[PDB]
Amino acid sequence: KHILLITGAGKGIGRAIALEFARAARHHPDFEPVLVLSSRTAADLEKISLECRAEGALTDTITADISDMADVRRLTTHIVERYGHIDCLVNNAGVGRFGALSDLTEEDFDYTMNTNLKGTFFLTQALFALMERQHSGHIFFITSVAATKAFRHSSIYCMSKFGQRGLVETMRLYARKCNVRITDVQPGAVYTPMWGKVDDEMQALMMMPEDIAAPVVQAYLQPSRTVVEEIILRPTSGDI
């Protein structure tokens, strides 16, 4: 059994990754995963959980807000007490507050950092500890092309994504000594609830969640000897 924890599994990219893992197992006999799915909305988890079980995958739903250190503790405790082992952590949960530099607020800043940087760091800190002892494990970070490129209305978002890359790079130093794989997925525009509105013509200039999920699962299925360290995906026409 492969124990996988996917955060932000209720919508968009996280949801797509969960389904792709479920489908991959349905066609990859030797691969039997337990999909531990988490997000802030129980209702979303119930729906994706059902969809994954429909594919024949085992699931475990846990409602948690990683911006709340208490929930980070609960997530960790859940893995430790119920499985005592973790094979894959997909740090997908993330938020974005966009706007002109002058319009961004302290609330926009705190909201963005509490999830993108704080929750992501402490969940990683706690679960990497298990992988370190196992001398095995794979951590995926869904950052963004915004982790290496700036955009006008993304001052705070870019600080948070460049920041996540900083954590990713530090984790590589720890991981190479413990047989742990670190993958940094950097996508450009993906049509998901994160965008809200989105006109018809705009949707045609975006990638779809499943486009990101495929490479993520393939990376996990690579033999342990190899790590897809980075995967950058964008709409063929470039950034919006």
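Quick note: we count residues from 1 along the sequence shown, nothing fancier.
> Averaging C-alpha B-factors over each stretch, which comes out higher, 100-108 or 160-168?
Higher of the two, by average CA B-factor, is 100-108.
> On average, which has the higher Cα B-factor in the deposited entry, 19-27 or 219-227?
Looking at the recorded C-alpha B-factors, 19-27 comes out higher on average.
> Per the coordinate record, which of the options 119, 84, 94, 137 holds the highest CA temperature factor?
The record points to 84.
> Where does the C-alpha B-factor of residue 175 rank in its chain, lowest, middle or highest third?
Residue 175: CA B-factor falls in the lowest third of its chain.
> Pull the Cα B-factor of residue 7 out of the PDB entry and bin it into the chain's lowest, middle or highest third.
As the PDB entry reports it, the C-alpha B-factor of residue 7 lands in the lowest third of its chain.
> Comparing residue 125 with the other modelled residues of its chain, is its CA B-factor in the lowest, middle or highest third?
Residue 125: CA B-factor falls in the lowest third of its chain.
> Looking at the temperature factor on the CA atom of residue 183, which third of the chain's modelled residues does it land in?
Lowest third, going by the recorded CA B-factors of the chain.
> Consider only the C-alpha atoms of the modelled residues in this chain, order them by B-factor as the entry records it, and name the third containing residue 144: lowest, middle or highest.
It belongs to the lowest third of the chain when residues are ordered by C-alpha B-factor.
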